[PDB]
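We begin with a single chain expressed as structure tokens, specifically the form deposited in one PDB entry.
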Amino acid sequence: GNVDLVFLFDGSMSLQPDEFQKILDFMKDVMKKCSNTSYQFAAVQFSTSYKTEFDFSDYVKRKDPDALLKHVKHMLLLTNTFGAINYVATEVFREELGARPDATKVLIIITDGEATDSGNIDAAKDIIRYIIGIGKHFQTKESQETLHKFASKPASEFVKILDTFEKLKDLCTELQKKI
């Protein structure tokens, strides 16, 4: 029943300060609701570059989402989603970072725009992948559909297109129900 969950969250230049803070608050809320469970967490900010803001070992030690994220600095650059997902798959889901070999791997990708880079995410395909596309850049169907390649199948389950986070059916509950 162990789940190792990574939040992979956009820090691009398009995010207003309140919008970036709402992404932080969303991750904290999921963690608080899912705390003291078989879930362990890590979080990675991506924009141009990728930074593990806290790893699974950190999570087990402090178990305080506000302290784990207190040092995050909004990167304010690009949206290199291909590089970021590869980074998570190969550099974050590792025993050296506290990941548990027995656990089910889950990736929650949070983004406010289309990917600026290119390539493939072969190395991450066996991870259960949800993508949340937040805000105005996903107002047309075409834009939304560009996120399907990053998510598990079917997109009707794994791609979430949101005006705001409050409209999402509660993620901790849904994960505990389904994973």
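Throughout, we count residues from 1 along the sequence that is shown.
The form solved in complex with a small molecule is left out here; the points below concern that form.
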Quick one: in the deposited complex, does every one of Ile132, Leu171 and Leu175 get a heavy atom within 4.5 Å of the small molecule?
yes
Non-hydrogen atom contact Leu78 with the small molecule in the deposited complex at 4.5 angstroms
no
Is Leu8 a contact residue for the small molecule in the deposited complex, using a 4.5 Å heavy atom cut-off?
no
Partner proximity in the deposited complex: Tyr59 to the small molecule, non-hydrogen atom cutoff 4.5 Å:
no
Consider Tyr39 of the chain shown here, and say whether it contacts the small molecule in the deposited complex, taking contact as heavy atoms within 4.5 Å.
yes
Which of 63-71, 42-50, 106-114, 138-146 sits within 4.5 Å of the small molecule in the deposited complex, heavy atom basis
106-114
